[PDB]
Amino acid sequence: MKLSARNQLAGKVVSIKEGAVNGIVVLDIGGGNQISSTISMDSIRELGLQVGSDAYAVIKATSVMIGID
């Protein structure tokens, strides 16, 4: 399905640290960037996620803060 979210970044799953209700999925999206996503275990199974899966990090623009040194 097509999503309204402005951040939709392709990457590959390089870690999945499983837990009770939630889990943390890490995507390498190129450029030496990794995005970590905390989602429910139910979703990790439902989408089939495994180390090496192709995926997208989806982030709403209002979820992004800016920082500087």
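Residue numbers run from 1 along the displayed sequence.
- In this PDB entry, the Cα temperature factor of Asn33 sits in the top third of its chain's modelled residues, the highest group.
- In the PDB entry, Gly52 places in the middle third of its chain by CA B-factor.
- Ranked by C-alpha B-factor against the other modelled residues of its chain, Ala20 falls in the highest third.
- The deposited CA B-factor of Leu9 belongs to the middle third of values across its chain.
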